[PDB]
Amino acid sequence: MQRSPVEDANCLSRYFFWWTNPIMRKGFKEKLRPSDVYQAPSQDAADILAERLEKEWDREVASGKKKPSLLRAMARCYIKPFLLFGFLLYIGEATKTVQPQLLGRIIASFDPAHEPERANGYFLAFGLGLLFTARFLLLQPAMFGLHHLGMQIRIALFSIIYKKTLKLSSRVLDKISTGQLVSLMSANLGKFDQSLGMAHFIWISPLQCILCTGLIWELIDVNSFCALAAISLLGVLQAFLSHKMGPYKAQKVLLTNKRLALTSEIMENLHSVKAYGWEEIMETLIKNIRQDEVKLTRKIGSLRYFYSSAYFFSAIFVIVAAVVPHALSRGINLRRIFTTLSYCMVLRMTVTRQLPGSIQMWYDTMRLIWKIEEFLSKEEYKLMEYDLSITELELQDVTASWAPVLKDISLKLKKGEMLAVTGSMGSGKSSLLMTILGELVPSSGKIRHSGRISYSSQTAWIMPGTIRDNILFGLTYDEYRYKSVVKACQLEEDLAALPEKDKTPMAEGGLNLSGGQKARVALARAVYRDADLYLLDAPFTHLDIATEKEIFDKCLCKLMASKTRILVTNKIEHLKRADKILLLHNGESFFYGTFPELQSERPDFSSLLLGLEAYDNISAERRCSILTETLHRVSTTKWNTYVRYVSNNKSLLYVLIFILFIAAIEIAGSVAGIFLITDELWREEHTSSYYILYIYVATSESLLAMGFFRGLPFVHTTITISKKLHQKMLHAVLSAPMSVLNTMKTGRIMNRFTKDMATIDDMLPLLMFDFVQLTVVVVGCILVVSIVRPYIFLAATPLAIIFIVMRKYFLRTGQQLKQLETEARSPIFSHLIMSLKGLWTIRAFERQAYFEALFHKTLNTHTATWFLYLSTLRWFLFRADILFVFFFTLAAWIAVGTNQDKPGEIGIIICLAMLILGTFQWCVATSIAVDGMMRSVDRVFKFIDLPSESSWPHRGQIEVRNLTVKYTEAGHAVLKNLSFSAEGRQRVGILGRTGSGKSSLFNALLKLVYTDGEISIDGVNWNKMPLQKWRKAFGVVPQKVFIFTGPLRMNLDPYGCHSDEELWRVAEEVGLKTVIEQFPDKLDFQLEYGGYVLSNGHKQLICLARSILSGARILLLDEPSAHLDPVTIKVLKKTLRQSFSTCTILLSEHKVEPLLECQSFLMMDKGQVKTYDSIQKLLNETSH
Ligand SMILES: CCCCCCCCCC
Ligand SMILES: CCCCCCCCCC
């Protein structure tokens, strides 16, 4: 669409990345959008990437022998780029070995004997810088290349699995699990692609290690093996911790679910939780189960410190133990040490840093490739063989299995004729169609149908978009057909009713349009479609006496009756209309024919089936069950967000005060040592003396590293902040007003607790320690180098000031550019999940290519987004790395050319600078990862900032005059100036418009929306009684009652100050004792999963009890009739009378039978009220 600039790029511009400049600019000025970002390169296109690998895999399957392997397939054409970069990494890393030798010459140039050699001093230091630059230029493009290759791989690899998953055998589909299919492709996107770049190291590290170890001198002195053994013992020490981690993870991962599932319960039914008015027990209950999670997290975190720390303390341990044996014999020499130190730390890093990460990958990627290899071996859908036009379908003793599901069906169906089939709920209801379609395979028999076959399924689904797109669905628009079909489908009302008419957008499911309208548009496909055979499967789920006979009489008889039809339904009129009928019995045939023939077969069945007089008006589920019975019967980051994070725990400030002090002391001592010691070292030869300290001065990483007394409290003080910061959120969301809380719709609140809270709790505290640690090493190093050579400050100050500005520049565009990846990620799954549910239908209209094509475009958007980001980072790293060699070369070039006669201080300056490069890249690398994570905590603060909020003298009257709500929506019957004169201790009823916001009137009194007018308790305003004291009054018992996981003791009594006799005596008076007697442990029995296993009717009684436990003034009723029945209604009626006779009741009911019971009934419309006691005055308005 937008046309990408890399297409029209120059070899230099593409190498250094000149093309990002405008997109770098834009993002700094104005915020970016999906329309602004532009497409991927023509090379990187999913059609081109997949189609190649298809051919090369096809070759492996074509040569049909042994067992094809995708690794061997991909190898047929992915090596040419892989081995091209392969050398670049090796030659790019091999330059590191040369650096020691050139350092040694500078130590060889300078000593108290002989004059200070200038020429070599300068030109060899510069000559080092040449190699030092050369390392980057060769490594950078290769490193960036492998990411491009890794990205290029999986783009094909999702296409090749998707091609298969659209067409498999249907039997195996209900063997294979849903989570395995999704999670396999969900896990790979971010991790796999980035991970591929370090695979090469598997042979790089050994090839260097063997060369380095051999290149180390003192081969006669068997101590380089001891120096290797020092690296071995480090590996043992680390691995020992990895075993001790696992036991604690299993304890945490089990616990973390308990709160996460419970939060999902409590948050969804919040309206009740507030209506009862708890907010005290729900805190402490969560806090109690949190305790173990905090203890275990702390116990893990403190352990993990040593795993990171050991690497820092290693350098001094390995370096000393390597050299001090050589101290015994062979006197002492300075150029001997420095070279052997430099060679050590290369091998120390390359064995511990990346060698694990290389091996780590090949275990994963191969284990994953195994899963694809298994998956592609799975059995396939047999392609349709309808391509004939001899004669229509005729079967003969056909058997099938999923006790065979079908056993010897026989029907010689003649063309252009009508047919109907039905039976029990099972008994081969939906299966017989699948064999005609070709979804299920016939076990034995002869089935053969000519010409193309249409289909309409049981459960309908809607492709997201236009209505005509669903209806016409890969056809061309025409005059009459569409009109007559849409007219015949009973959508003439829905034609006029909708605003955009045919262009109305639809998505998600059945929220926008109703299940009835879904069932219409479902049928529209097959009715609009042209075919040789028509197959419907239970299209009349709805109980429409008009619609059923309208569409059956008008559409079929007039339009479709010339052509053949099969239908599954339960209507005697349709059965009597049909030419041929068929009845089943669990795979074996009951009978097929017509009622006149049936009268000469089973006259008792003929009569007793017909016995129901008013059969057409019976409910679908009812009459189906009657048939079932009778048949079987008969037969932007900010500076503040850090300040807030530190401001919680003061201990995080009080820990930082003395960890700064140690840096100044340990700097000062090294400055003193470098200045004071050196002269005596040279003077020693011309004893041990002070060489061993002079080693420790050089190892700046291991010098300023943090131990247990100095650094451990940092872990303790940080984790406490995540505990506190949790409380502030949970309390703030729980205690908040229902207005701004109502817009979000719980697809976002849980998301914070699931993902965002876990990353602040788990991944942050540890990750911060690196950022604190590494900065101290680099800052503390440079200053020691600075103090000795004053003019370094002028070299340092511009580069630092540049370096921060670069980061501010990259982050503003980058953070905005990155989120578009995570947004663009979501379509790819949504498109997969939806495609599975219509797998039967999507084949029937041969519409695979359309979806297979549509699938690519959702990838191409994502890969374009990703590719731009990934490069932008590569730029920043490259510019930042080059900016170091300036610092090195300037410092080095000036150092030797100083106003100082004594050059022995150079030996430190150059050596102690060279080692930082490894830490420098590593330090800036985390610097993005921290700053990105800091955006996540900011979301929690936004939630924390969200706004927030005795006796009755034997009385319980209510008459709230002048009540006006301020929600402005209540079923087109909003409360304005409301009033009623109902006496206390009287049962009351209520009515209004059919759909007048029946709920809103209740929660207006409970105060879950904005309200006006005074509301007095018999002359006692809320003035005295706050929101809790008010909510003590009303007894609520809604259609969706609230039960949570735990025992009935905890459900009935949250606070826990009621006696056992008190708990029983209320229960038996409510009428819920003998029903409970059957359960064990009195009332201590546990309930789970919302208490679904228990009975429906008693699930009200438990809440009705809860009110007697709670308080006595007023009760409410939100239409319980749907959850009521003859035996329950009478006890519910009588026990209520015996129980209360004090508190008022309000009952909203659309039915007439509830009107006979109560005293008075309101007939309420917007600004209109009326009610009377006596039946002549009461009923007259609502008589009809
Ligand atoms: C596409 C391959 C380009 C590699 C450039 C290497 C430059 C080496 C200069 C020392
Ligand atoms: C928000 C402050 C970030 C400080 C980064 C310091 C980097 C210094 C590199 C020499």
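The rules behind these values
- Counting of residues begins from 1 for each chain and follows its sequence as written, which need not mirror the entry numbering; any residue without coordinates is not displayed.
- Chains and ligands are labelled by the order in which they are written, letters from A for the one and numbers from 1 for the other.
- Side-chain measures here rest on the full set of heavy atoms in the structure, leaving out hydrogens and waters.
- Helix and strand labels come from DSSP, where a helix needs a run of H or I of at least four residues and a strand needs a run of E of at least two; each type is numbered from the N terminus.
- Per-residue accessibility, obtained with a 1.4 Å probe over protein chains only, is compared with the maximum for each type, and a residue is labelled buried under 20%, exposed over 50%, and partly exposed between these values.
- For every accessible area listed, the method is Shrake-Rupley and the probe measures 1.4 Å; residues are considered covered only by the protein chains on display.
- Residues scored as charged are limited to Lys and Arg (positive) and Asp and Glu (negative), so that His and the chain ends carry no count.
- A charge is said to be at NZ when it belongs to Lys, at CZ for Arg, at CG for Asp and at CD for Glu.
- We treat two strands as partners when DSSP finds at least two bridges between them.
- The domain limits used here are those given by an automatic or database domain assignment.
- Expected span of a helix: the number of residues minus one, times 1.5 Å.
- Planes of paired rings set the category: under 30 degrees apart is stacked, over 60 is edge-to-face and the rest tilted, where pairs are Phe, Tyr or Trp rings (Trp by its six-membered ring) whose centres lie within 6.5 Å.
- Remark: a charge is flagged as sitting over a ring if the NZ atom of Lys or the CZ atom of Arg is within 6 Å of the ring centre and within 35 degrees of the ring normal.
- One axis fitted to the seven residues ending at a residue, another fitted to the seven starting there: the angle between these axes is the bend at that residue.
- In what follows, a contact means two residues having at least one pair of non-hydrogen atoms within 4.5 Å.
- Disulfides are defined in this document as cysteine sulfur pairs within 2.5 Å.
- Think of a salt bridge as a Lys or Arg side-chain nitrogen and an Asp or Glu carboxyl oxygen that are within 4 Å of each other.
- Grouping into patches uses exposed residues only, defined as over 30% relative accessible area, and leaves out salt-bridged ones; the cut-off is 9 Å for like charges and 5 Å for nonpolar side chains (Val, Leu, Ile, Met, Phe, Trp, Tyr).
- To obtain an axis, a line is fitted to C-alpha atoms, over the contacting stretch when the element is a helix, and the angle between two such axes runs from 0 to 180 degrees between their N-to-C directions.
- Any angle that is under 35 degrees is reported as roughly parallel, and any over 145 degrees as roughly antiparallel; angles of 65 to 115 degrees are reported as roughly perpendicular and all others as oblique.
- Rotating anticlockwise by less than a right angle from the far helix to the near helix defines a left-handed crossing, while the corresponding clockwise rotation defines a right-handed one.
- Only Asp, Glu, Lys and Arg are considered charged, only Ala, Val, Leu, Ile, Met, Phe, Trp, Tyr, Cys and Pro nonpolar, and every remaining residue, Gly among them, polar.
- Nonpolar cores were defined as sets of buried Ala, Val, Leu, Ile, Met, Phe, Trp, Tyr and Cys residues, with membership established by side-chain atoms within 4.5 Å.

Per the PDB record, the structure was determined using cryo-EM to 3.73 Å resolution.

Enquirer: Help me out: how do you make sense of the overall build of the chain in this one?
Expert: When helices and strands are tallied, the chain shows 45 helices and 16 strands. The proportion of buried residues among the 1184 residues of the chain is 45%. Only carbon and sulfur atoms are counted for the fraction: they give 59% of the accessible area of the chain, which is about 65,800 Å². The centroid of the 136 positive side-chain charges in the chain is displaced by 3 Å from the centroid of its 111 negative side-chain charges.

Enquirer: Quick question: what am I supposed to make of the sheet that holds strand β15 (residues 1144-1148) here?
Expert: Hydrogen bonds between backbone groups are what pair the strands of a sheet, and the pairing can be parallel or antiparallel. Strand order in the open sheet formed by five strands is β11-β14-β15-β10-β16, with parallel pairing between adjacent strands. Pairing within the sheet leaves two strands with one partner each, and these edge strands are β11 (1034-1035) and β16 (1160-1163). Examined bridge by bridge, strand β10 (residues 987-991) and β15 share four bridges and lie parallel to one another. In the sheet register, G989 faces β15, and the bridge partner there is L1147.

Enquirer: For this particular structure, what's the right way to read the domain arrangement of the chain?
Expert: Interfaces are often sized by the amount of accessible area the parts lose when they come together. Per the domain assignment, the segments making up the chain are domain 1 (398-612) and domain 2 (987-1043 + 1091-1179). For domain 1 and domain 2, the distance between their C-alpha centroids amounts to 45 Å.

Enquirer: It is not clear to me how helix α44 (residues 1126-1139) should be interpreted in this structure. Could you clarify?
Expert: Residues that lie three or four places apart on an α-helix share one face, since the helix turns once every 3.6 residues. Taking 1.5 Å per residue, 14 residues should reach 20 Å; α44 reaches 20 Å between its end C-alpha atoms and fits that length. Where α44 terminates, the next one or two residues include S1141, which has phi positive at roughly 50°.

Enquirer: How should I be thinking about the packing of aromatic side chains in this particular structure?
Expert: Two numbers describe a pair of aromatic rings. These are the distance of the centres and the angle of the planes. Under the definition given, this model contains 34 aromatic pairs. Measuring from ring centre to ring centre gives 5.9 Å for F132 and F884, while their planes differ by 25°; the resulting arrangement is stacked. The buried category is assigned to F884, whose relative accessible area is 6%. Look at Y162 and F855: their rings are 4.0 Å apart centre to centre, the planes differ by 15°, and that puts the pair in the stacked class. Both residues of the pair, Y162 and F855, belong to the buried class. Three or more aromatic residues joined by ring pairs form one cluster here, namely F132, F136, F803, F884, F887, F888 and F920. Positioned above the aromatic ring of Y311 is the side chain of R353, whose terminal nitrogen or guanidinium carbon lies 5.1 Å from the ring centre. The ring of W1064 is capped by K1073, whose NZ or CZ atom sits 5.2 Å from the centre of that ring.

Enquirer: I'm lost on helix α8 (residues 178-195) in this one. Help?
Expert: Along its 18 residues, α8 runs 26 Å from first to last C-alpha, staying within 8% of the 26 Å computed at 1.5 Å per residue. Largest kink in α8: about 50°, centred on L189. Taken together, the buried positions of α8 are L181, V182, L184, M185, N188, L189, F192, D193 and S195. Those residues of α8 hidden inside the fold are in contact with α6 (118-165), α14 (355-376), α33 (792-837) and α35 (848-896).

Enquirer: Could you clarify how one ought to interpret the state of the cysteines in this entry?
Expert: Inspection of the entire model under this criterion finds zero disulfides. Here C226 stays unpaired: no disulfide links it, and the sulfur of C344, its closest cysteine neighbor, is 12 Å away.

Enquirer: Before we go on, may I ask you to explain the pattern of salt bridges in this structure?
Expert: Two side chains that carry opposite charge are able to pair once their charged atoms sit near each other. Scanning the entire structure with this criterion turns up 34 salt bridges. Put simply, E573 and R577 hold a salt bridge, and the shortest N to O gap is 3.4 Å. Taken as a pair, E573 and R577 lie in helix α21 (residues 572-577) at a separation of four residues, close to a single helical turn. When its relative accessible area of 33% is taken as the criterion, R577 is described as partly exposed. Here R1049 and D1084 are joined by a salt bridge, their closest N and O atoms 3.5 Å apart. Pair noted here: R1049 is in helix α40 (residues 1048-1052) and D1084 is in the loop between α42 (1074-1077) and β13 (1086-1087), with a separation of 35 residues, a long-range link.

Enquirer: Explanation requested: a nonpolar patch on the surface in the structure shown.
Expert: Together, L71, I202, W203, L207, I359, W362, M366 and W370 line one region of the surface with nonpolar side chains, adding up to about 790 Å² of accessible area. Of all elements in the fold, only α9 (201-215) and α14 reach the threshold of two or more residues within the nonpolar patch. No other element matches α14, which puts four residues into the nonpolar patch. For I202, a relative accessible area of 41% corresponds to the partly exposed category.

Enquirer: Explain the side chain of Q354 here, please?
Expert: Structurally, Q354 is set in the loop between α13 (334-352) and α14. A relative accessible area of 17% places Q354 in the buried class. Discounting residues that sit within four places of it in the chain, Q354 has contacts with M198, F201 and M349.

Enquirer: Looking at this structure, how should I read the environment of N1180?
Expert: Within the fold, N1180 resides in the segment after α45 (1175-1179). Note: C-alpha distance between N1180 and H1058 (122 residues apart in sequence) is 49 Å.

Enquirer: I tried to follow the sheet that holds strand β8 (residues 580-585) on my own but got confused; where do I start?
Expert: If you trace the five strands from one edge of the open sheet to the other, you get β6-β7-β3-β8-β9, paired in mixed fashion. The open sheet has two edge strands, β6 (534-535) and β9 (588-593), and neither has a second partner. Bridge analysis of strand β3 (residues 418-422) against β8 gives four bridges, and the strand direction is parallel. Each residue of the ladder has a partner; that of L419, found in β8, is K580.

Enquirer: Sorry, what's going on with the packing of α8 against α33 here?
Expert: A pair of packed helices can be characterised by two numbers: the angle between their axes and the separation between those axes. Look at α8 against α33: their axes get within 11 Å of each other, and the N-to-C directions meet at 165°. Considering the angle they form, α8 stands roughly antiparallel to α33. Helix-helix and strand crossings are classified by hand; for α8 and α33 the assignment is right-handed. For the pair α8 and α33, contact is made by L181, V182, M185, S186 and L189 and by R825, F829, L832, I833 and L836, respectively. Of the residues that constitute the contact of α8 with α33, the class distribution is eight nonpolar, one polar and one charged.

Enquirer: In this structure, what is going on with the nonpolar core? I would like to understand it.
Expert: If you look at soluble globular proteins, the nonpolar side chains tend to sit buried side by side. If you look at the biggest cluster of nonpolar residues, it comprises 83 residues, and the most contacted ones within it are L70, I372 and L535. Counting residues per element, this core draws most heavily on α6, at 13 residues. Contact partners of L535, with chain neighbours within four places excluded, come to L433, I436, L437, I453, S454, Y455, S456 and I566. Counting residues in hydrophobic clusters, the runner-up holds 65 residues, among them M757, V940, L978 and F1042.

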